[PDB]
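# Pasting the sequence and an experimental structure:
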Amino acid sequence: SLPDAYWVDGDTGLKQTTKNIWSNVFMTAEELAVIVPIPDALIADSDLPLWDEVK
Amino acid sequence: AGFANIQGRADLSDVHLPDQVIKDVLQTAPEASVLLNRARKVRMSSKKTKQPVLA
């Protein structure tokens, strides 16, 4: 918020009061993940380097 | 007292009269597999292998 200011009602007019306000903003870390399972037979028998292909 | 006294084995500890142990197992010497000795052996390098034959 911002503080307002006011026109005084001539000499010895009664001045008014004002304030400002702060608040908070947040950021939260979240997790994304997955598992890739492969048999030992396919890793041994495959011509191509299969973990380096999927990474 | 008297003359009949003699040391028996029942008078000695299990640490005085220990049993010997023999670390070799009593076993029938293992016969090899028939096919792994008799058949012709080749190294495979995939789940299937193929060869030419005369027809």
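Cool, the structure landed. Residues are numbered from 1 along each chain as shown, chains lettered A, B, ... in the order given.

# what about the helices in chain B?
B:34-38 (DSSP state H).

# Quick check, central residue of it?
residue B:25 (4.5 Å; Cα atoms, centre = their mean).

# what about residue 12, neighbour count?
Assuming you mean chain A. Close neighbours of residue A:12, defined as other Cβ atoms under 10 Å in any protein chain shown, add up to 6. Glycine gets a C-beta too; all of them are placed from N, C-alpha and C.

# oops, chain B please
Residues near residue B:12, counting by other Cβ under 10 Å: 10.

# What residue in chain A is the furthest from its centre?
Residue distances from the centre of chain A (Cα atoms, centre = their mean) peak at residue A:11, which lies 51.9 Å from the mean C-alpha position.

# Got phi/psi on it?
phi -60, psi 130 (degrees, to the nearest 10).

# Repeat that for residue A:39.
phi -60, psi 150.

# same deal with residue A:54?
According to degrees, to the nearest 10, residue A:54 has phi -80, psi -30.
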